[PDB]
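> Provide a 3D model corresponding to the input given below.
(2 chains)
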Amino acid sequence: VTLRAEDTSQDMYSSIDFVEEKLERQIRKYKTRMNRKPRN
RNA sequence: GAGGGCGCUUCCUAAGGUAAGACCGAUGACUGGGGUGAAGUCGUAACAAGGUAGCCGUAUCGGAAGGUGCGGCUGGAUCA
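Numbers count the residues shown, from 1 in each chain, chains lettered A, B, ... in the order given. The structure is reproduced below:
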(Lines give C-alpha, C1' and ligand atoms only; values in the text may rest on other atoms or scores of the structure.)
Protein backbone atom coordinates (compact mmCIF):
# COMPACT_ATOMS: atom_id res chain seq x y z
CA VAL A 1 0.00 0.00 0.00
CA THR A 2 0.92 3.65 -0.48
CA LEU A 3 -0.60 6.51 1.53
CA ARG A 4 0.62 10.07 2.06
CA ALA A 5 -0.24 12.66 4.70
CA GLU A 6 -0.14 16.41 4.02
CA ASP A 7 -2.18 17.71 6.93
CA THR A 8 -2.20 20.73 9.18
CA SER A 9 -2.37 22.22 12.61
CA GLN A 10 -1.47 25.60 14.04
CA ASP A 11 1.82 24.39 15.51
CA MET A 12 4.19 22.32 13.41
CA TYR A 13 4.87 20.38 16.61
CA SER A 14 1.12 19.85 16.88
CA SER A 15 1.06 18.74 13.25
CA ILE A 16 3.74 16.18 14.00
CA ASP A 17 1.67 15.19 17.05
CA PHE A 18 -1.84 14.96 15.62
CA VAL A 19 -0.80 13.93 12.12
CA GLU A 20 1.48 11.11 13.19
CA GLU A 21 -1.24 10.10 15.65
CA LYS A 22 -3.40 10.27 12.53
CA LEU A 23 -0.97 7.76 11.04
CA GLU A 24 -1.54 5.55 14.09
CA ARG A 25 -5.30 5.77 13.69
CA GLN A 26 -4.84 5.24 9.95
CA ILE A 27 -3.19 1.92 10.68
CA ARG A 28 -6.09 1.37 13.10
CA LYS A 29 -8.18 1.86 9.97
CA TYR A 30 -5.73 -0.42 8.13
CA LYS A 31 -6.14 -3.41 10.46
CA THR A 32 -9.05 -5.08 8.68
CA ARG A 33 -7.97 -3.34 5.48
CA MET A 34 -4.71 -5.25 5.91
CA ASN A 35 -5.32 -8.32 8.05
CA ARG A 36 -8.91 -9.31 7.28
CA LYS A 37 -8.49 -10.43 3.72
CA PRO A 38 -11.38 -12.63 4.80
CA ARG A 39 -14.40 -10.54 5.71
CA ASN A 40 -16.29 -13.65 6.80
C1' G B 1 -48.83 46.29 123.71
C1' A B 2 -49.79 46.70 118.07
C1' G B 3 -46.81 48.05 114.18
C1' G B 4 -42.03 49.37 112.40
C1' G B 5 -36.36 49.23 110.06
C1' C B 6 -32.97 46.26 111.67
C1' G B 7 -33.49 42.03 114.14
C1' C B 8 -33.80 37.03 110.90
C1' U B 9 -33.82 31.47 107.76
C1' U B 10 -36.05 29.79 103.45
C1' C B 11 -38.13 30.20 98.59
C1' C B 12 -37.40 31.71 93.29
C1' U B 13 -32.91 33.29 91.98
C1' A B 14 -28.96 36.79 87.44
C1' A B 15 -24.07 35.35 86.55
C1' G B 16 -19.96 31.49 87.15
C1' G B 17 -18.50 26.07 87.62
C1' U B 18 -19.49 21.02 86.65
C1' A B 19 -20.62 16.59 82.86
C1' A B 20 -22.20 14.01 78.47
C1' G B 21 -23.45 14.99 74.74
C1' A B 22 -25.79 16.68 70.02
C1' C B 23 -25.58 20.52 66.24
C1' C B 24 -22.74 23.88 63.06
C1' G B 25 -18.36 26.19 61.20
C1' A B 26 -13.21 26.46 60.81
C1' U B 27 -9.26 23.29 60.43
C1' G B 28 -6.06 18.82 58.75
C1' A B 29 -0.65 14.53 57.44
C1' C B 30 -1.97 11.69 53.68
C1' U B 31 -5.90 10.11 50.36
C1' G B 32 -10.63 9.00 46.79
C1' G B 33 -13.35 10.77 42.69
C1' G B 34 -14.44 14.56 39.14
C1' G B 35 -13.39 18.79 35.81
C1' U B 36 -9.54 21.67 33.14
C1' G B 37 -5.22 22.12 30.22
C1' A B 38 -0.35 18.87 25.89
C1' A B 39 -0.12 18.34 21.27
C1' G B 40 3.26 12.12 26.17
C1' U B 41 2.44 7.24 26.03
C1' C B 42 -1.44 2.17 26.10
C1' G B 43 -5.19 0.68 23.03
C1' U B 44 -9.53 -0.56 19.68
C1' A B 45 -13.08 0.14 20.58
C1' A B 46 -18.73 3.53 20.42
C1' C B 47 -20.08 5.35 15.73
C1' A B 48 -21.64 1.96 8.97
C1' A B 49 -24.27 -5.43 10.16
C1' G B 50 -18.11 0.86 12.72
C1' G B 51 -15.26 -3.46 12.22
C1' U B 52 -17.99 -9.36 17.79
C1' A B 53 -24.76 -4.14 16.48
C1' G B 54 -25.84 -3.29 20.61
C1' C B 55 -28.55 -1.19 25.09
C1' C B 56 -30.03 -2.35 29.95
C1' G B 57 -30.23 -4.67 35.23
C1' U B 58 -27.02 -8.10 37.34
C1' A B 59 -22.76 -11.50 38.57
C1' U B 60 -17.71 -11.96 37.46
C1' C B 61 -12.31 -11.37 35.05
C1' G B 62 -9.24 -7.47 33.12
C1' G B 63 -3.75 -1.48 33.23
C1' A B 64 -7.31 0.64 30.39
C1' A B 65 -10.61 1.33 26.65
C1' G B 66 -13.23 -3.63 27.84
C1' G B 67 -14.35 -8.88 27.87
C1' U B 68 -17.31 -13.64 29.55
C1' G B 69 -22.05 -15.25 31.08
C1' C B 70 -27.79 -14.88 33.04
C1' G B 71 -32.15 -12.98 30.85
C1' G B 72 -34.71 -8.88 27.98
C1' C B 73 -35.46 -4.88 23.61
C1' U B 74 -34.54 -2.42 19.03
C1' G B 75 -32.97 3.18 20.50
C1' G B 76 -30.30 -3.12 14.75
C1' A B 77 -28.46 -4.74 10.28
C1' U B 78 -28.09 -8.48 4.59
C1' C B 79 -32.84 -8.91 5.49
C1' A B 80 -33.52 -13.17 7.96
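> Spit out the contact partners of residue A:32.
residue A:39 (C-beta atoms under 8 Å, 6 or more residues apart in numbering). From N, CA and C alone the C-beta is placed, and that goes for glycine too.
> Around RNA strand B, which positions in chain A sit nearby?
Selection of chain A residues close to RNA strand B by C-beta under 7 Å from any atom of the strand yields A:11, A:13-14, A:17-18, A:20-21, A:24, A:28-29, A:31-32, A:36.
> Show only the entries of those residues found in helices.
If you go by DSSP state H, the residues of chain A next to RNA strand B have A:13-14, A:17-18, A:20-21, A:24, A:28-29 in helices.
> Find the closest residue to RNA strand B in chain A.
residue A:17 (3.5 Å; C-beta to the nearest atom of the strand).
> Around the closest residue to that residue other than its chain neighbours, how many other residues sit close by?
Distances taken as C-beta to C-beta, 6 or more residues apart in numbering place residue A:9 nearest to residue A:17, at 7.5 Å, with adjacent residues excluded. Counted with other C-beta atoms under 10 Å, the neighbours of residue A:9 add up to 12.
> OK, contacts around residue A:9?
By C-beta under 8 Å, 6+ apart, the contact set of residue A:9 is A:15, A:17-19.
> again, only using 10 Å
A:15-19 (C-beta atoms under 10 Å, 6 or more residues apart in numbering).
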